[PDB]
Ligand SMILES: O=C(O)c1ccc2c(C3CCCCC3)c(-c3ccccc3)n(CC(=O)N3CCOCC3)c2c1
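The chain below stands alone and is given as structure tokens, in the form solved without the ligand.
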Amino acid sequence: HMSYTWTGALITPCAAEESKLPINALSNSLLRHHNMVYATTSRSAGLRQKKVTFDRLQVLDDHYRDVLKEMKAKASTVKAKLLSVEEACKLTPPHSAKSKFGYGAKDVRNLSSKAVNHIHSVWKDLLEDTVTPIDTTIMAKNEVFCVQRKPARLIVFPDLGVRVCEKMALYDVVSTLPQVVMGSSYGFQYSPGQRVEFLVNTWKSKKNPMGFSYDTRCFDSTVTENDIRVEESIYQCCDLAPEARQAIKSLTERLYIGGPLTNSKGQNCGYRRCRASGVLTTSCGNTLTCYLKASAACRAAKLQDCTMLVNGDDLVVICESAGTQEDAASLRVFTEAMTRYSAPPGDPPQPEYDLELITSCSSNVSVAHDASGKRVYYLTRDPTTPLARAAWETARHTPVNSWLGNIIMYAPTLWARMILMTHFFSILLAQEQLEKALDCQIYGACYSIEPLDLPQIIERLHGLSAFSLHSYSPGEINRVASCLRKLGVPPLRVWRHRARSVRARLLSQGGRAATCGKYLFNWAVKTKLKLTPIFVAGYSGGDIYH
């Protein structure tokens, strides 16, 4: 039961690949230590192949089937609708991978006869064929990081035509099922603001709180045939159209369980026997399989009052502490159970006795103060990776504007407000690309956002408080400061001086730009202004556009 079998054919790119940070005129106003920032390519694919290739041994006990029986009971109350070709076509990202059968994502979005005719033949094939493995494409992702050098992550996806079919069979499923089965444990339903409220209320609900996070060493590669069939059986509990059931069974058997891996150049690289990173059910499947293994492992560990928060492969549990030694013991039992279930860790979990110390989805809770001086909890993260990607997006146009997603998801943070908002707003002013809508990614889902609508969007995700936050924790201040030192980012005082200019330039433009300057940059001025008023699921790898 190997996660992958290989032939020897290399994972090849489509176009030109850049590993070194591209430098332009705006580069130095953000980052000086350019050699620190790199992007991954198909060059490092071989190392990834080695890492992701291992044999999986599973030992399923009564807690596992007990939890599963509960999940299947909740899943049977779900009703899911079969999407139409048109409905599925409209949920396709505009810069999604083109089909091998002619047409592209925009052809799809325009409901073009060539595309719609092809989508109709794939659907017919799924309904009349449940054995033939569906061909997938293996590709190295091009992602930006800071040093300490990671090998390129892999993306395995079926043809665009198959992807519109997955949308027809499972879009309403992956959207409604995780919330029913897992309830408040399902994280992809929360805004960052509601994610905080949940965590804080959870920590406050425990007498002696204890929290930990669980990082699976390459989760996708640990997902076995069993796990994918289990997922299908969960989906099959729903009230589904007969066409949908059949389509789910064929997509599972032919695509989701495994299949052959093809490079961009058309060769066979090998065979997959685990989770495909670029399928509609990647997020949902991973969330179900993580929650199923962790809930069962919580019971195996006899963990008092387990409160989970699962997002794909990221797990955060908050429970009742039994002292640092018994808690350390319990987590070993948990890690033993998780490994038996074929979900071992990279770094084994550590008990945390302070909410602000648990690392949930590369983020953590932190405290600052509002206008009234009231202690306010918000979500932040290490600015290293966001700032390194921001540097890439200063000289290169990407299909995903990470700086835009980082401004959205981390709006009340010190770093996103001071550096990211300032830098990119001066760029948008200079180019007059302020009214131009930009494509970004949130929870793995593709979004087209008008940058001038940012104060409206931020208020709706965090509240007016995000525009009034101050007096940040010294632990947070120091993480940012040390990061600014690492990458060679100008200090915060430089950014406050720059934000005054951005704000002054923004008021002069009037309209939404004046609101942008008034709400986003109010923190920079010595004469403050009275700021007034103006989430369902995660689709990581799912190929979804809203």
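What we label the rigid core is the largest C-alpha set whose atoms superpose within 1.5 Å from one form to the other. In this text, residue numbers run from 1 along the sequence as written.
Unshown form solved in complex with the ligand; subsequent notes refer to it.
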Binding-site state, shown form vs the ligand in the entry with it bound, superposed, 3 or more atoms under 2.4 Å of backbone or C-beta: blocked
Single option in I228, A388, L438, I248 placed near the ligand in the entry with it bound, where near means a heavy atom within 4.5 Å: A388
Proximity to the ligand in the entry with it bound, single hit among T137, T202, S295, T394 (heavy atom within 4.5 Å): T394
Candidate stretches 417-425, 80-88, 333-341, 266-274, one within 4.5 Å of the ligand in the entry with it bound by heavy atom: 417-425
Residue contact check: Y519 to the ligand in the entry with it bound, 4.5 Å heavy atom: no
Exercise: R498 in contact with the ligand in the entry with it bound, heavy atom 4.5 Å: yes
4.5 Å heavy atom contact, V37 and the ligand in the entry with it bound: yes
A513: touches the ligand in the entry with it bound, heavy atom cutoff 4.5 angstroms: no
The ligand in the entry with it bound - contacting residues of 483-515, heavy atom within 4.5 Å: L487, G488, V489, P490, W495, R498
Which one of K302, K79, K124, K436, by Cα shift of 2 Å or more between this form and the one not shown, core superposed: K436
Displaced residue check between this form and the one not shown: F425, CA, 2 Å or over, core reference: yes
C-alpha of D159 off by 2 Å or more between this form and the one not shown on rigid core: no
Is_shifted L47 between this form and the one not shown (CA, 2 Å cut-off, rigid core): no
